[PDB]
4 protein chains.
Amino acid sequence: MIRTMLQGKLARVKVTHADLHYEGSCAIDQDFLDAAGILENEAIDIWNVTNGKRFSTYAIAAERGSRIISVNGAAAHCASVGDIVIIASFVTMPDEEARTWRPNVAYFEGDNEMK
Amino acid sequence: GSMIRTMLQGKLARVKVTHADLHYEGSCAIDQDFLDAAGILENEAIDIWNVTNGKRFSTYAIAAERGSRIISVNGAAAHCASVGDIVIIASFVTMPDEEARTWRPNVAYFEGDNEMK
Amino acid sequence: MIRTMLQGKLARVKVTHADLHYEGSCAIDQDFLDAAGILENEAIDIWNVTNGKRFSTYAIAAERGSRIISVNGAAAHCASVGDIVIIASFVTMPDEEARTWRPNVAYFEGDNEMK
Amino acid sequence: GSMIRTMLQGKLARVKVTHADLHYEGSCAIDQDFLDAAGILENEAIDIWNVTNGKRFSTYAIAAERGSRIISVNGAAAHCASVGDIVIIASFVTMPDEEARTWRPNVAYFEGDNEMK
C-alpha cells in the first residue's frame with residue numbers, strides 16, 4: 001500500500017505580504033524551501049494559527065534571505081500580514097519506506113528567524 | 001519506492017465565471033481551448049480558487065465547446081462562485097522528485113472577455 | 001505524470017438518514033455503488049446542493065434496493081434528511097490512459113430513482 | 001497503468017481529545033498503542049472529523065508515549081478541536097482496484113477514558 005507522509009514543514013512563520021492582485025500562490029524565501037525540502041510549484045497546505053483557516057495552494061520561490069512569506073491571489077482572503085502559519089508538503093511512498101521516513105522540519109520565531 | 005511529489009500541472013489564471021447553475025449535476029465546464037492551454041483533461045480533478053470571494057473548492061473539469069469561452073460552475077459549486085467572479089482553476093499531477101525538480105506547469109493568464117494571453 | 005480523474009459519481013441523490021451516533025461514513029444502496037463503481041471503504045467527496053457544504057468521507061454499503069443515502073457520524077453536521085447531494089470518487093492513472101478515461105455516472109430524480 | 005483507488009487504511013473512532021494547544025507546531029500526537037491498532041504511522045497524513053462540532057480538517061500524526069492515551073491537537077488545529085471533543089481520526093492509502101475490492105481497514109473503537117475496544 002502507498003502512504004501519504006509529511007515531506008516537510010515550516011512551523012510558525014509569519015506572513016509578510018498578502019495581495020489579491022499578485023500571483024495566486026505562496027512565495028517563500030528559497031532558504032526556507034531548502035530547509036523544508038519544499039519545491040517550486042509543489043502543492044502545499046497552509047494552516048493559519050492566528051485565524052484557524054486551513055487551505056491548499058502551491059509554493060513559489062522568493063528571494064533568498066528576504067525572509068518573505070507572501071500569500072497572494074485568492075489566498076489573500078485567508079491570511080493577513082502578521083498572521084502565524086504552518087506550511088506543509090506531503091509525498092507518497094510504499095509502506096516499507098514510510099515506516100522509517102523522516103520529514104524536513106524547520107521551526108521559526110520572531111521575524112522569520114529559523115532556529 | 002521513490003518518493004512521489006504532488007505538483008501544479010497547469011492553471012487558468014483569472015478566468016471569469018460565465019454561467020452558474022445549482023440545478024446541474026456537479027462539474028465545471030471549460031472551453032476546450034482553455035483546457036488545452038493548461039493541459040487539463042476532461043474528467044480531471046481540479047481546484048477552483050475564487051479571487052472575488054475567497055472560497056476554495058475542488059471539483060472536476062468537463063469540456064465546453066471550443067471557442068465558447070465558457071466557464072460554467074455546475075451543481076453544488078454554484079454556492080461557491082457566481083457569474084462575474086474571477087477564479088483560478090488548477091490541476092495537480094504526481095511524479096517522482098527528480099522530475100518534479102525541473103517540472104514546468106502549463107499556465108494561461110486571462111483578461112477581458114476570457115481572452116487568453 | 002499521474003493524473004487524478006473522476007472514477008464515478010451519484011448525481012443529485014437525496015439524503016435519507018443522518019445521525020451523529022451511527023458510524024462515521026456515508027452508507028449507500030449497493031445498487032448505487034455498483035452503478036458508479038464506488039467501493040466499500042473508498043474515499044468519497046460529498047457536495048451538498050442544498051446547503052453548499054463540501055466534505056470528504058468514505059463509503060459503506062447499505063442494503064440493495066433500500067435507496068438509502070445515510071450520512072452519519074461527524075458528517076451528520078454537514079447534511080440533513082432531504083438534502084440533495086452529489087457523491088464522487090476519484091482514481092489516479094498515467095496520463096496516456098487518463099486521456100481516454102470514462103467515469104461511471106448515475107443520475108437521480110425523485111425518491112432516489114436512478115434514471 | 002492500472003487505476004489506483006484511495007481507501008480507508010484505518011481509523012480511531014470516537015476518541016476524545018485530551019490536549020489542545022495553539023502555541024504548538026502543527027500535528028496531532030496520538031498514543032503509540034492507538035497508532036498500532038489503526039495501522040497509522042508516525043508522520044502519516046490523517047483526517048480528523050469532529051463529531052462534537054462538525055469541523056473537518058487534515059493534519060499529520062506523531063506518536064505520544066505508549067499507554068498515555070493522549071490525543072493532542074497541536075498548532076492551528078486547536079482552533080478546530082477542544083479538550084473533551086469526540087473525534088474520528090482516519091488515514092487513507094492508495095492501491096490498485098483488485099486489492100481495494102477485498103481491502104479491510106484497521107478499525108479501533110473507543111469509549112470512556114480513551115479505552116479501546
Side-chain angles (χ1 to χ4, degrees), chain A residues 18-27 41 43-46 53-58 60 70-79, chain B residues 8-22 24-65 67-93 105-117, chain C residues 4 6 45 47-49 52-54 86 88:
Chain A
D19 207 302
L20 289 162
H21 306 95
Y22 281 54
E23 169 160 302
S25 61
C26 179
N41 296 314
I44 50 168
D45 299 328
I46 304 186
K53 296 179 182 170
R54 307 175 80 77
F55 61 101
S56 301
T57 179
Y58 67 97
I60 69 167
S70 184
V71 182
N72 306 126
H77 288 250
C78 300
Chain B
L8 177 70
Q9 186 283 137
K11 82 169 168 176
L12 302 169
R14 317 279 165 144
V15 290
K16 191 183 296 310
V17 177
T18 67
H19 191 87
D21 199 324
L22 271 176
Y24 290 3
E25 308 297 338
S27 58
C28 184
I30 296 165
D31 184 332
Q32 182 66 67
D33 288 333
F34 300 173
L35 295 178
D36 291 346
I40 298 175
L41 305 179
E42 182 128 52
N43 297 312
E44 187 177 9
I46 53 174
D47 297 332
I48 302 185
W49 301 322
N50 190 323
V51 181
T52 296
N53 69 16
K55 295 183 190 163
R56 309 177 76 80
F57 62 100
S58 55
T59 182
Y60 70 96
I62 69 166
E65 178 191 2
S68 66
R69 304 191 181 183
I70 284 162
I71 301 291
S72 181
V73 177
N74 307 148
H79 282 295
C80 301
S82 309
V83 176
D85 288 351
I86 302 308
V87 306
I88 299 162
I89 299 175
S91 95
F92 287 81
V93 290
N106 297 302
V107 180
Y109 291 96
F110 293 79
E111 64 178 11
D113 180 35
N114 283 346
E115 176 67 36
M116 273 196 300
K117 319 119 86 181
Chain C
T4 297
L6 181 71
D45 299 328
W47 304 324
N48 191 323
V49 176
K53 296 179 182 170
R54 307 175 80 77
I86 298 146

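Order of the sequence lines sets the chain letters (A, B, ...), proteins ahead of strands, with each chain counted from 1. As a basis for the values below, the full set of heavy atoms in this structure was taken, side chains included, without hydrogen atoms, waters or symmetry mates.
Judged by distance alone, the side chain of B:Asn114 and the main-chain N or O of B:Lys16 form a donor-acceptor pair under 3.5 Å. Between the side chain of B:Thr18 and the backbone N or O of B:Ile71 there is at least one donor-acceptor pair closer than 3.5 Å. Under a 3.5 Å cut-off, the side chain of B:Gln9 and the backbone N or O of B:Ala38 do form a donor-acceptor pair. Proximity of a side-chain donor or acceptor of B:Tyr60 to a complementary backbone N or O of C:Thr4 within less than 3.5 Å is not detected.
A heavy-atom distance below 4.5 Å is found between the side chains of B:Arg69 and B:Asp113. Side-chain contact between A:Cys26 and A:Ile44 is present, with heavy atoms from C-beta onward closer than 4.5 Å. No side-chain heavy atom of B:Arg56 sits under 4.5 Å from any side-chain heavy atom of A:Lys53. Residues B:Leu35 and B:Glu42 are not in side-chain contact: their nearest non-hydrogen atoms beyond the backbone lie 4.5 Å or more apart. By the 4.5 Å heavy-atom criterion applied to side chains, B:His79 and C:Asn48 are not counted as neighbours.
Taking the six-membered ring where the residue is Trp, B:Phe110 and B:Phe34 present perpendicular rings, their angle passing 60° and hence far from 30°.
Closest non-hydrogen pair, B:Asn53 versus B:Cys80, comes out as ND2-O, 3.2 Å. Here the closest non-hydrogen pair linking B:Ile30 and B:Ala61 is CD1-CB, 4.1 Å. Here the closest non-hydrogen pair linking B:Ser27 and B:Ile62 is OG-CD1, 3.8 Å. Nearest heavy-atom pair across A:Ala76 and A:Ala18 is CB-C, 4.1 Å. Between B:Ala37 and B:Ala108, the shortest heavy-atom contact is CB-CB, 4.2 Å. Nearest approach of C:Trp47 to B:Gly26, heavy atoms of both residues: CZ3-O, 4.4 Å.
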(Q) I'd like to know whether B:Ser58 forms a side-chain hydrogen bond (donor to acceptor under 3.5 Å, both in side chains) with B:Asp47, so could you lay out the CA-CA distance, the side-chain angles of the two residues, the decisive distance to 0.1 Å, and finally the verdict. (A) CA-CA 4 Å; B:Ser58 55; B:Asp47 297 332; 4.5 Å; no
Q. What's the verdict on side chain to side chain contact (heavy atoms under 4.5 Å, CB included) for B:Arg14 and B:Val51, showing C-alpha distance, side-chain angles and the deciding distance?
A. CA-CA 8 Å; B:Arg14 317 279 165 144; B:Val51 181; 3.7 Å; yes
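Put simply, CD1 on B:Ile48 and CD1 on B:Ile88 are 11.0 Å apart, with the number rounded to the nearest 0.5 Å. Residue B:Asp85 holds its CG atom at 4.5 Å from OG1 of B:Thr52, rounded to the nearest 0.5 Å. Interatomic distance, A:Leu20 CG to B:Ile86 CD1, rounded to the nearest 0.5 Å: 11.5 Å. We find the CG-OG distance between B:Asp31 and B:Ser72 to be 12.0 Å, quoted to the nearest 0.5 Å. To the nearest 0.5 Å, the span separating CG on B:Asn106 from CG on B:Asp36 amounts to 10.5 Å.
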